[PDB]
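> This one is query-v4.tsv, TSV, C-alpha atoms and all ligand atoms.
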chain	number	residue	atom	x	y	z
A	1	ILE	CA	89.70	81.12	-25.67
A	2	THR	CA	91.06	84.46	-24.49
A	3	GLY	CA	89.31	87.49	-25.94
A	4	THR	CA	86.72	90.14	-25.21
A	5	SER	CA	83.02	89.57	-24.52
A	6	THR	CA	80.75	90.57	-27.39
A	7	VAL	CA	77.07	90.30	-28.34
A	8	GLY	CA	76.07	88.69	-31.61
A	9	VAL	CA	72.66	88.32	-33.19
A	10	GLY	CA	71.19	85.35	-35.01
A	11	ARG	CA	68.17	83.21	-35.76
A	12	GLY	CA	67.36	79.92	-34.08
A	13	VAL	CA	65.92	76.69	-35.49
A	14	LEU	CA	62.36	78.04	-35.47
A	15	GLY	CA	63.31	81.29	-37.21
A	16	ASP	CA	63.28	83.50	-34.11
A	17	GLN	CA	65.85	86.28	-33.73
A	18	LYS	CA	67.88	86.46	-30.54
A	19	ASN	CA	71.04	88.00	-29.13
A	20	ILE	CA	73.85	85.65	-28.11
A	21	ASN	CA	76.90	86.18	-25.93
A	22	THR	CA	80.05	85.67	-27.95
A	23	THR	CA	83.81	86.24	-27.62
A	24	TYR	CA	85.96	88.15	-30.08
A	25	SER	CA	89.55	87.17	-30.84
A	26	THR	CA	90.18	87.25	-34.61
A	27	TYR	CA	86.88	85.41	-35.04
A	28	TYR	CA	83.67	85.70	-33.06
A	29	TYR	CA	83.21	82.50	-31.05
A	30	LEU	CA	80.14	80.97	-29.43
A	31	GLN	CA	81.68	81.49	-26.01
A	32	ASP	CA	79.52	83.23	-23.40
A	33	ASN	CA	81.70	84.64	-20.61
A	34	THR	CA	78.79	86.16	-18.69
A	35	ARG	CA	77.80	82.90	-16.98
A	36	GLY	CA	80.06	80.96	-14.63
A	37	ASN	CA	83.25	79.78	-16.27
A	38	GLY	CA	81.65	80.05	-19.67
A	39	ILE	CA	79.22	78.42	-22.07
A	40	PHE	CA	80.95	77.03	-25.16
A	41	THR	CA	79.26	75.75	-28.31
A	42	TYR	CA	81.02	73.57	-30.89
A	43	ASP	CA	80.53	72.40	-34.48
A	44	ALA	CA	80.60	68.60	-34.81
A	45	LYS	CA	80.41	69.00	-38.63
A	46	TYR	CA	78.16	65.95	-39.17
A	47	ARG	CA	80.83	63.71	-37.57
A	48	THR	CA	80.75	61.72	-34.34
A	49	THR	CA	84.12	62.90	-33.01
A	50	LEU	CA	83.56	65.23	-30.03
A	51	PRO	CA	83.50	68.04	-29.26
A	52	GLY	CA	84.51	69.24	-32.71
A	53	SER	CA	85.67	72.82	-33.15
A	54	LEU	CA	84.65	75.82	-31.03
A	55	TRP	CA	82.10	77.63	-33.17
A	56	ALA	CA	83.83	80.44	-35.10
A	57	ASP	CA	82.09	83.12	-37.15
A	58	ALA	CA	83.56	85.99	-39.17
A	59	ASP	CA	81.02	88.74	-38.46
A	60	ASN	CA	79.08	88.01	-35.23
A	61	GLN	CA	75.86	87.52	-37.23
A	62	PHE	CA	74.34	84.04	-37.10
A	63	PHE	CA	71.53	83.96	-39.68
A	64	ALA	CA	72.68	81.07	-41.88
A	65	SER	CA	70.62	77.89	-41.79
A	66	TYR	CA	73.77	76.03	-40.67
A	67	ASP	CA	74.06	78.44	-37.71
A	68	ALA	CA	70.55	77.89	-36.33
A	69	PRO	CA	71.14	74.81	-34.14
A	70	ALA	CA	74.25	76.44	-32.67
A	71	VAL	CA	72.38	79.65	-31.84
A	72	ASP	CA	69.74	77.74	-29.90
A	73	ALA	CA	72.07	75.30	-28.13
A	74	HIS	CA	74.11	78.28	-26.95
A	75	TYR	CA	71.19	80.54	-26.02
A	76	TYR	CA	69.09	77.88	-24.27
A	77	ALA	CA	72.12	76.66	-22.30
A	78	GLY	CA	72.28	80.24	-21.01
A	79	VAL	CA	68.61	80.24	-20.02
A	80	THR	CA	69.07	76.90	-18.25
A	81	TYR	CA	72.12	78.21	-16.38
A	82	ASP	CA	70.04	81.22	-15.31
A	83	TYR	CA	67.21	79.01	-14.08
A	84	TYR	CA	69.47	76.91	-11.87
A	85	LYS	CA	71.33	79.94	-10.52
A	86	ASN	CA	68.37	82.29	-9.96
A	87	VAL	CA	65.84	79.71	-8.81
A	88	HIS	CA	67.95	77.11	-6.97
A	89	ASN	CA	71.16	79.00	-6.19
A	90	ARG	CA	73.07	76.35	-8.14
A	91	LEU	CA	76.13	77.46	-10.11
A	92	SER	CA	76.25	75.32	-13.28
A	93	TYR	CA	75.82	71.56	-13.29
A	94	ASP	CA	78.52	70.81	-10.71
A	95	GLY	CA	77.60	73.65	-8.36
A	96	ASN	CA	81.03	75.20	-8.96
A	97	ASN	CA	80.44	77.00	-12.27
A	98	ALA	CA	81.84	74.23	-14.50
A	99	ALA	CA	82.15	75.30	-18.14
A	100	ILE	CA	79.10	74.18	-20.11
A	101	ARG	CA	79.96	72.63	-23.47
A	102	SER	CA	77.60	71.65	-26.32
A	103	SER	CA	78.15	70.25	-29.80
A	104	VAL	CA	75.66	70.60	-32.64
A	105	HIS	CA	75.47	69.01	-36.10
A	106	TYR	CA	76.34	65.68	-34.48
A	107	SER	CA	76.33	62.79	-36.97
A	108	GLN	CA	73.87	62.64	-39.91
A	109	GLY	CA	70.08	62.46	-39.63
A	110	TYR	CA	70.55	61.91	-35.91
A	111	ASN	CA	67.23	61.70	-34.06
A	112	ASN	CA	68.49	62.25	-30.52
A	113	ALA	CA	70.40	64.45	-28.09
A	114	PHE	CA	72.43	63.44	-25.05
A	115	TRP	CA	74.85	64.21	-22.26
A	116	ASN	CA	77.95	62.08	-22.89
A	117	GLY	CA	79.42	62.33	-19.38
A	118	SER	CA	81.20	65.62	-20.17
A	119	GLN	CA	79.10	67.70	-22.59
A	120	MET	CA	75.79	68.08	-24.39
A	121	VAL	CA	75.38	66.74	-27.92
A	122	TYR	CA	72.58	67.48	-30.42
A	123	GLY	CA	71.64	65.73	-33.62
A	124	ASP	CA	70.05	67.60	-36.52
A	125	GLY	CA	67.27	65.04	-36.81
A	126	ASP	CA	66.24	63.50	-40.12
A	127	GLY	CA	63.62	66.18	-40.85
A	128	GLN	CA	60.83	63.65	-40.27
A	129	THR	CA	61.03	62.52	-36.65
A	130	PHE	CA	63.00	65.59	-35.51
A	131	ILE	CA	64.35	68.91	-36.71
A	132	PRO	CA	67.60	70.02	-34.99
A	133	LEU	CA	66.96	69.13	-31.38
A	134	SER	CA	68.50	72.19	-29.74
A	135	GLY	CA	65.47	74.10	-31.08
A	136	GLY	CA	63.56	72.90	-28.02
A	137	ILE	CA	64.28	74.72	-24.78
A	138	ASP	CA	62.84	71.78	-22.83
A	139	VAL	CA	65.23	69.49	-24.73
A	140	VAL	CA	68.29	71.63	-23.95
A	141	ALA	CA	67.30	71.86	-20.28
A	142	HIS	CA	66.57	68.09	-20.24
A	143	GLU	CA	70.15	67.43	-21.40
A	144	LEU	CA	71.84	69.84	-18.98
A	145	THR	CA	69.73	68.37	-16.20
A	146	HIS	CA	71.34	64.96	-16.86
A	147	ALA	CA	74.64	66.60	-15.87
A	148	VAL	CA	73.05	68.02	-12.70
A	149	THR	CA	71.71	64.57	-11.82
A	150	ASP	CA	75.03	62.89	-12.51
A	151	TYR	CA	76.85	65.32	-10.18
A	152	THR	CA	74.27	64.97	-7.41
A	153	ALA	CA	71.95	61.96	-6.95
A	154	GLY	CA	73.94	59.99	-9.53
A	155	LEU	CA	70.90	57.91	-10.51
A	156	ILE	CA	72.05	54.82	-12.41
A	157	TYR	CA	70.64	54.85	-15.95
A	158	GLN	CA	68.51	51.72	-15.87
A	159	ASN	CA	65.26	50.40	-14.43
A	160	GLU	CA	63.59	52.52	-11.73
A	161	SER	CA	66.55	54.74	-10.87
A	162	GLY	CA	66.97	55.41	-14.60
A	163	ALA	CA	63.28	56.27	-15.00
A	164	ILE	CA	63.65	58.73	-12.11
A	165	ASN	CA	66.75	60.12	-13.85
A	166	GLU	CA	64.66	60.63	-17.00
A	167	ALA	CA	61.72	62.17	-15.16
A	168	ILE	CA	64.02	64.61	-13.36
A	169	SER	CA	65.27	65.78	-16.78
A	170	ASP	CA	61.70	66.11	-18.12
A	171	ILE	CA	60.52	67.94	-14.98
A	172	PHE	CA	63.33	70.49	-14.99
A	173	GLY	CA	63.25	70.73	-18.78
A	174	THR	CA	59.63	71.78	-18.37
A	175	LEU	CA	60.29	74.12	-15.46
A	176	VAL	CA	62.98	75.86	-17.54
A	177	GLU	CA	60.50	76.15	-20.42
A	178	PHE	CA	58.06	77.84	-18.02
A	179	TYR	CA	60.87	80.06	-16.69
A	180	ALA	CA	61.55	81.40	-20.20
A	181	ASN	CA	57.76	81.71	-20.61
A	182	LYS	CA	57.49	81.26	-24.37
A	183	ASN	CA	54.67	78.86	-25.29
A	184	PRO	CA	55.22	76.81	-22.12
A	185	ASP	CA	53.47	73.50	-21.58
A	186	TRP	CA	53.77	70.14	-19.82
A	187	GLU	CA	54.73	68.37	-23.06
A	188	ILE	CA	58.26	67.28	-23.99
A	189	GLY	CA	59.98	68.17	-27.25
A	190	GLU	CA	56.96	69.57	-29.09
A	191	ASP	CA	58.97	72.36	-30.76
A	192	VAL	CA	61.30	69.99	-32.62
A	193	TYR	CA	59.32	66.74	-32.90
A	194	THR	CA	57.61	65.65	-36.16
A	195	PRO	CA	57.50	68.88	-38.21
A	196	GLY	CA	54.84	67.26	-40.42
A	197	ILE	CA	52.43	66.67	-37.51
A	198	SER	CA	51.00	69.55	-35.49
A	199	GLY	CA	50.04	69.26	-31.84
A	200	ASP	CA	51.98	66.15	-30.86
A	201	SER	CA	55.12	65.69	-28.76
A	202	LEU	CA	57.64	63.08	-27.73
A	203	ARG	CA	56.18	62.67	-24.23
A	204	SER	CA	53.40	64.25	-22.20
A	205	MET	CA	53.70	64.88	-18.45
A	206	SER	CA	50.02	65.79	-18.10
A	207	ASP	CA	48.86	62.63	-19.88
A	208	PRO	CA	51.78	60.23	-20.48
A	209	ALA	CA	49.43	57.57	-21.87
A	210	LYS	CA	48.69	59.81	-24.86
A	211	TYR	CA	52.08	58.72	-26.24
A	212	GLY	CA	52.05	55.18	-24.88
A	213	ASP	CA	53.77	55.75	-21.55
A	214	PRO	CA	52.40	54.49	-18.23
A	215	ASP	CA	50.60	56.83	-15.85
A	216	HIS	CA	50.33	54.30	-13.02
A	217	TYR	CA	52.83	51.94	-11.40
A	218	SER	CA	50.60	48.95	-12.24
A	219	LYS	CA	51.31	49.70	-15.92
A	220	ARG	CA	55.10	49.87	-15.57
A	221	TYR	CA	57.24	48.34	-18.29
A	222	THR	CA	59.15	45.36	-16.98
A	223	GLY	CA	61.17	44.37	-20.06
A	224	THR	CA	64.74	45.10	-21.09
A	225	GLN	CA	64.38	47.59	-23.96
A	226	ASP	CA	65.44	51.20	-23.39
A	227	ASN	CA	67.59	50.28	-20.36
A	228	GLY	CA	64.56	48.75	-18.69
A	229	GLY	CA	62.19	51.45	-19.94
A	230	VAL	CA	63.84	54.63	-18.65
A	231	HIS	CA	61.98	56.80	-21.23
A	232	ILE	CA	58.77	54.82	-20.67
A	233	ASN	CA	58.44	54.44	-16.89
A	234	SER	CA	59.42	58.10	-16.53
A	235	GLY	CA	55.72	58.70	-17.31
A	236	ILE	CA	54.74	57.46	-13.86
A	237	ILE	CA	56.95	60.05	-12.15
A	238	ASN	CA	56.18	62.78	-14.70
A	239	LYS	CA	52.49	62.30	-13.97
A	240	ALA	CA	53.08	62.49	-10.22
A	241	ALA	CA	55.06	65.74	-10.71
A	242	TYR	CA	52.33	67.17	-12.92
A	243	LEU	CA	49.72	66.34	-10.26
A	244	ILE	CA	51.76	67.87	-7.45
A	245	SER	CA	51.97	71.12	-9.41
A	246	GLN	CA	48.61	71.32	-11.18
A	247	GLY	CA	46.37	68.99	-9.19
A	248	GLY	CA	43.72	66.66	-10.54
A	249	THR	CA	41.86	63.45	-9.83
A	250	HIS	CA	43.63	60.48	-11.38
A	251	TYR	CA	42.42	56.88	-11.00
A	252	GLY	CA	39.95	58.25	-8.46
A	253	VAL	CA	42.62	59.86	-6.26
A	254	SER	CA	42.32	63.63	-5.81
A	255	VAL	CA	45.41	65.85	-5.60
A	256	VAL	CA	45.40	69.52	-4.62
A	257	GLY	CA	47.94	71.34	-6.78
A	258	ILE	CA	50.60	73.48	-5.13
A	259	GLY	CA	52.10	75.10	-8.23
A	260	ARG	CA	55.25	74.71	-10.31
A	261	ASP	CA	57.58	76.75	-8.07
A	262	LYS	CA	56.93	74.46	-5.11
A	263	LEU	CA	57.19	71.37	-7.32
A	264	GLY	CA	60.61	72.65	-8.38
A	265	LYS	CA	61.74	73.32	-4.81
A	266	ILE	CA	60.59	69.91	-3.60
A	267	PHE	CA	62.17	67.94	-6.44
A	268	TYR	CA	65.40	69.97	-6.46
A	269	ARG	CA	65.84	69.29	-2.75
A	270	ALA	CA	64.99	65.60	-3.20
A	271	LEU	CA	67.50	65.31	-6.05
A	272	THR	CA	70.35	67.06	-4.27
A	273	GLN	CA	69.89	65.86	-0.68
A	274	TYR	CA	68.01	62.58	-0.53
A	275	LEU	CA	68.22	60.54	-3.73
A	276	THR	CA	71.07	58.08	-4.25
A	277	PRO	CA	72.35	56.26	-7.34
A	278	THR	CA	70.07	53.26	-6.70
A	279	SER	CA	66.88	55.02	-5.54
A	280	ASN	CA	63.66	53.36	-6.68
A	281	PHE	CA	60.19	54.91	-7.06
A	282	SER	CA	59.21	54.16	-3.46
A	283	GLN	CA	62.41	55.83	-2.27
A	284	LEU	CA	61.69	58.86	-4.48
A	285	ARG	CA	58.30	59.18	-2.80
A	286	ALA	CA	60.00	59.15	0.60
A	287	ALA	CA	62.59	61.68	-0.60
A	288	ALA	CA	59.87	64.02	-1.91
A	289	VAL	CA	57.87	63.70	1.31
A	290	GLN	CA	60.96	64.48	3.39
A	291	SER	CA	61.88	67.43	1.16
A	292	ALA	CA	58.38	68.90	1.38
A	293	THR	CA	58.51	68.38	5.15
A	294	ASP	CA	61.82	70.28	5.39
A	295	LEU	CA	60.48	73.16	3.31
A	296	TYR	CA	56.86	73.49	4.40
A	297	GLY	CA	56.35	71.43	7.56
A	298	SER	CA	55.01	67.94	8.24
A	299	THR	CA	51.38	69.09	8.57
A	300	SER	CA	51.52	71.20	5.41
A	301	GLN	CA	49.31	71.04	2.34
A	302	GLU	CA	52.50	70.59	0.31
A	303	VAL	CA	53.35	67.33	2.10
A	304	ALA	CA	49.74	66.14	1.84
A	305	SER	CA	49.75	66.80	-1.91
A	306	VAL	CA	53.02	64.94	-2.48
A	307	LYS	CA	51.45	61.91	-0.80
A	308	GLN	CA	48.22	62.14	-2.81
A	309	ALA	CA	50.14	62.46	-6.09
A	310	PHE	CA	52.23	59.36	-5.46
A	311	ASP	CA	49.08	57.52	-4.30
A	312	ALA	CA	47.38	58.52	-7.56
A	313	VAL	CA	50.12	56.85	-9.62
A	314	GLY	CA	50.27	53.77	-7.39
A	315	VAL	CA	53.64	54.42	-5.74
A	316	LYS	CA	53.81	53.71	-2.00
B	401	LIG	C1	64.18	65.23	-24.70
B	401	LIG	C2	64.39	64.34	-25.92
B	401	LIG	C3	64.12	65.12	-27.21
B	401	LIG	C4	65.82	63.79	-25.94
B	401	LIG	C5	66.14	62.75	-24.85
B	401	LIG	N1	67.59	62.40	-24.98
B	401	LIG	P1	68.34	61.65	-23.61
B	401	LIG	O1	69.33	62.59	-23.00
B	401	LIG	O2	67.29	61.09	-22.71
B	401	LIG	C6	69.32	60.33	-24.41
B	401	LIG	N2	70.45	60.06	-23.50
B	401	LIG	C7	70.99	58.83	-23.29
B	401	LIG	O3	70.62	57.83	-23.91
B	401	LIG	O4	72.01	58.77	-22.38
B	401	LIG	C8	72.81	57.60	-22.11
B	401	LIG	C9	74.27	57.94	-22.22
B	401	LIG	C10	75.12	57.82	-21.12
B	401	LIG	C11	76.47	58.15	-21.23
B	401	LIG	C12	76.99	58.61	-22.44
B	401	LIG	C13	76.15	58.73	-23.54
B	401	LIG	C14	74.79	58.40	-23.43
B	401	LIG	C15	65.24	61.54	-25.06
B	401	LIG	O5	64.14	61.45	-24.51
B	401	LIG	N3	65.75	60.61	-25.93
B	401	LIG	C16	65.03	59.41	-26.30
B	401	LIG	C17	64.43	59.68	-27.69
B	401	LIG	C18	63.72	58.53	-28.43
B	401	LIG	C19	64.70	57.38	-28.74
B	401	LIG	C20	62.55	58.01	-27.58
B	401	LIG	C21	63.18	59.09	-29.75
B	402	CA	CA	78.19	85.11	-39.69
B	403	CA	CA	56.21	74.66	-25.51
B	404	CA	CA	57.52	71.55	-23.73
B	405	CA	CA	55.11	67.63	-34.40
B	406	ZN	ZN	67.12	61.99	-20.93
Show this structure as structure tokens.
Ligand SMILES: CC(C)C[C@H](NP(=O)(O)CNC(=O)OCc1ccccc1)C(=O)NCCC(C)(C)C
Ligand SMILES: [Ca+2]
Ligand SMILES: [Ca+2]
Ligand SMILES: [Ca+2]
Ligand SMILES: [Ca+2]
Ligand SMILES: [Zn+2]

Amino acid sequence: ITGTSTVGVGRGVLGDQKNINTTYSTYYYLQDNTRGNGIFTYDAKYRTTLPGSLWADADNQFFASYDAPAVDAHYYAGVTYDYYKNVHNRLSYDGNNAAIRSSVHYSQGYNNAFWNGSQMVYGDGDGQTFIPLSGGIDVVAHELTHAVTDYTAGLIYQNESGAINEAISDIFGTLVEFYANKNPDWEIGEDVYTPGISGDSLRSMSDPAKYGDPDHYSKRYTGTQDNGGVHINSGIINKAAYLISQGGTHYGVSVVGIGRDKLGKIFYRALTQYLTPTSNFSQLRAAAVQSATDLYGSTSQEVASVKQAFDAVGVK
């Protein structure tokens, strides 16, 4: 809506206070005009009709329990925008500063979050498996990264291309978490997953097998559940990404780590220049090798490490 840019203050899902960019016109709206063509956050009001209503608040203070998921969806969308712009020179998910829209309070007891083709959507969780999912910066960045993927590589959401799609969202979700630098790790969703259990997470990139996901191509899921295992086989690529960044010896194969910034550069370039909607794991390896070659040279350590990492997870 048309109005003037303002700065509100509120508390997120985990009880942390933060400033948020808002817009004043009669009400204060969760509309951040400081980034691209805006970041807009909506109330889905426990319904499934989207987007719901643009979040309106009387006083620009967002400390109510009901406000918390909105505060975090809005704020972490801003951090994710900043990551893509500052680190990769990418302006929003389409590269042209498309408005970023999110809805919170989607459905009832909803243990998931998603990109629906046009916007981000966050459940509140059931309080057992999840608390409101926008409380995780890696989750928010995971969702916005689906939009980036859809506008670029266009990876079809099934089988190997879908597992790459998932891994790309976990990788950049994690790199955004490191960018913000608050309790960063190589785990996925730990801040909002299972409030009754400390120290777990939905997935692990450093050790996918800890939560049942394969860490080697020979252990890939070949069934039909989960669109052919997109959230399962992502572990194979997540592990390769982890190894490229941090190094390690995995199934006897040693990888020299090159750090998270170079991981990000290599995978961003692969995603935006080389991957196609039907890319499989072998084709991702080739894309990553080519990207590292473009950036660092064919004889580089970076290229050598990409090859070792994919070798370690059994992808040729
Ligand atoms: C990062 C986590 C917290 C959320 C993450 N959500 P996601 O974006 O991968 C779910 N998305 C999804 O299924 O998209 C498919 C889709 C396409 C088009 C329109 C609508 C939906 C996830 O791993 N979901 C799976 C969760 C489960 C079922 C394993 C608990
Ligand atoms: Ca208020
Ligand atoms: Ca963390
Ligand atoms: Ca994390
Ligand atoms: Ca937990
Ligand atoms: Zn996903």
> Which residues, written as a list in words, have at least one atom at most 8 Å from residue 43 (chain A), with all atoms listed in the file counted and residues fewer than 2 positions away on the same chain left out?
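So the residues in contact are residues 41, 45, 51, 52, 53, 54, 55, 70, 103, 104, 105 and 106 of chain A.
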> How would you write, as a VMD selection string, the set of residues no farther than 6 Å from ligand CA 402 (chain B) when counting all atoms listed in the file?
chain A and resid 57 to 62
> Given 4 Å of margin on each side, can you work out the centre and size in Å (one decimal) of an axis-aligned box holding every listed atom of region 159-174 of chain A, as AutoDock Vina command-line options?

--center_x 63.3 --center_y 61.1 --center_z -14.8 --size_x 15.3 --size_y 29.4 --size_z 15.9
> In the coordinate frame of the file, compute which residues have an atom within 7 Å of (58.9, 65.0, -1.4) when using all atoms listed in the file, and state them as a PyMOL selection string.
chain A and resi 266-267+270+285-292+303+306
> Using all atoms listed in the file, which residues of the polymer chains come no farther than 7 Å from ligand CA 404 (chain B)? I'd like the answer as a PyMOL selection string.
chain A and resi 138+174+177+184-190
> Let me make sure I understand: among A:97, A:301, A:107, A:194, which one has the smallest atom-to-atom distance to residue 50 (chain A) if we use all atoms listed in the file?
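Of the candidates, the smallest distance to residue 50 (chain A) is held by A:107.
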> If I only have part of region 116-129 of chain A, can you fill in N, CA, C and O atoms and write it as a PDB file, keeping the file's coordinate frame?

ATOM      1  N   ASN A 116      77.047  63.217 -22.690  1.00  0.00           N
ATOM      2  CA  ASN A 116      77.950  62.080 -22.890  1.00  0.00           C
ATOM      3  C   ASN A 116      78.871  61.804 -21.700  1.00  0.00           C
ATOM      4  O   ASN A 116      79.846  61.059 -21.836  1.00  0.00           O
ATOM      5  N   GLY A 117      78.562  62.405 -20.552  1.00  0.00           N
ATOM      6  CA  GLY A 117      79.420  62.330 -19.380  1.00  0.00           C
ATOM      7  C   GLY A 117      80.212  63.604 -19.141  1.00  0.00           C
ATOM      8  O   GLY A 117      80.658  63.858 -18.012  1.00  0.00           O
ATOM      9  N   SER A 118      80.374  64.408 -20.198  1.00  0.00           N
ATOM     10  CA  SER A 118      81.200  65.620 -20.170  1.00  0.00           C
ATOM     11  C   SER A 118      80.597  66.840 -20.870  1.00  0.00           C
ATOM     12  O   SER A 118      81.021  67.966 -20.619  1.00  0.00           O
ATOM     13  N   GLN A 119      79.635  66.616 -21.762  1.00  0.00           N
ATOM     14  CA  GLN A 119      79.100  67.700 -22.590  1.00  0.00           C
ATOM     15  C   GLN A 119      77.763  67.309 -23.177  1.00  0.00           C
ATOM     16  O   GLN A 119      77.407  66.124 -23.209  1.00  0.00           O
ATOM     17  N   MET A 120      77.032  68.310 -23.659  1.00  0.00           N
ATOM     18  CA  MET A 120      75.790  68.080 -24.390  1.00  0.00           C
ATOM     19  C   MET A 120      76.063  67.898 -25.877  1.00  0.00           C
ATOM     20  O   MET A 120      77.003  68.476 -26.425  1.00  0.00           O
ATOM     21  N   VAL A 121      75.215  67.099 -26.520  1.00  0.00           N
ATOM     22  CA  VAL A 121      75.380  66.740 -27.920  1.00  0.00           C
ATOM     23  C   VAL A 121      74.015  66.717 -28.584  1.00  0.00           C
ATOM     24  O   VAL A 121      73.101  66.095 -28.053  1.00  0.00           O
ATOM     25  N   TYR A 122      73.881  67.390 -29.730  1.00  0.00           N
ATOM     26  CA  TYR A 122      72.580  67.480 -30.420  1.00  0.00           C
ATOM     27  C   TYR A 122      72.657  67.012 -31.855  1.00  0.00           C
ATOM     28  O   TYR A 122      73.452  67.523 -32.644  1.00  0.00           O
ATOM     29  N   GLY A 123      71.802  66.061 -32.216  1.00  0.00           N
ATOM     30  CA  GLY A 123      71.640  65.730 -33.620  1.00  0.00           C
ATOM     31  C   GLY A 123      70.848  66.805 -34.349  1.00  0.00           C
ATOM     32  O   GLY A 123      70.212  67.676 -33.728  1.00  0.00           O
ATOM     33  N   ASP A 124      70.862  66.722 -35.675  1.00  0.00           N
ATOM     34  CA  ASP A 124      70.050  67.600 -36.520  1.00  0.00           C
ATOM     35  C   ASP A 124      68.674  67.006 -36.790  1.00  0.00           C
ATOM     36  O   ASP A 124      67.814  67.673 -37.360  1.00  0.00           O
ATOM     37  N   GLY A 125      68.473  65.745 -36.417  1.00  0.00           N
ATOM     38  CA  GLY A 125      67.270  65.040 -36.810  1.00  0.00           C
ATOM     39  C   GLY A 125      67.291  64.681 -38.282  1.00  0.00           C
ATOM     40  O   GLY A 125      68.166  65.124 -39.027  1.00  0.00           O
ATOM     41  N   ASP A 126      66.327  63.871 -38.706  1.00  0.00           N
ATOM     42  CA  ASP A 126      66.240  63.500 -40.120  1.00  0.00           C
ATOM     43  C   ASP A 126      65.203  64.322 -40.890  1.00  0.00           C
ATOM     44  O   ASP A 126      64.933  64.045 -42.059  1.00  0.00           O
ATOM     45  N   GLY A 127      64.630  65.330 -40.236  1.00  0.00           N
ATOM     46  CA  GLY A 127      63.620  66.180 -40.850  1.00  0.00           C
ATOM     47  C   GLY A 127      62.224  65.581 -40.832  1.00  0.00           C
ATOM     48  O   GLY A 127      61.262  66.225 -41.254  1.00  0.00           O
ATOM     49  N   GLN A 128      62.114  64.342 -40.359  1.00  0.00           N
ATOM     50  CA  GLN A 128      60.830  63.650 -40.270  1.00  0.00           C
ATOM     51  C   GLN A 128      60.430  63.434 -38.821  1.00  0.00           C
ATOM     52  O   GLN A 128      59.375  63.892 -38.387  1.00  0.00           O
ATOM     53  N   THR A 129      61.275  62.733 -38.072  1.00  0.00           N
ATOM     54  CA  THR A 129      61.030  62.520 -36.650  1.00  0.00           C
ATOM     55  C   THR A 129      61.427  63.759 -35.847  1.00  0.00           C
ATOM     56  O   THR A 129      60.697  64.174 -34.951  1.00  0.00           O
TER      57      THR A 129
END
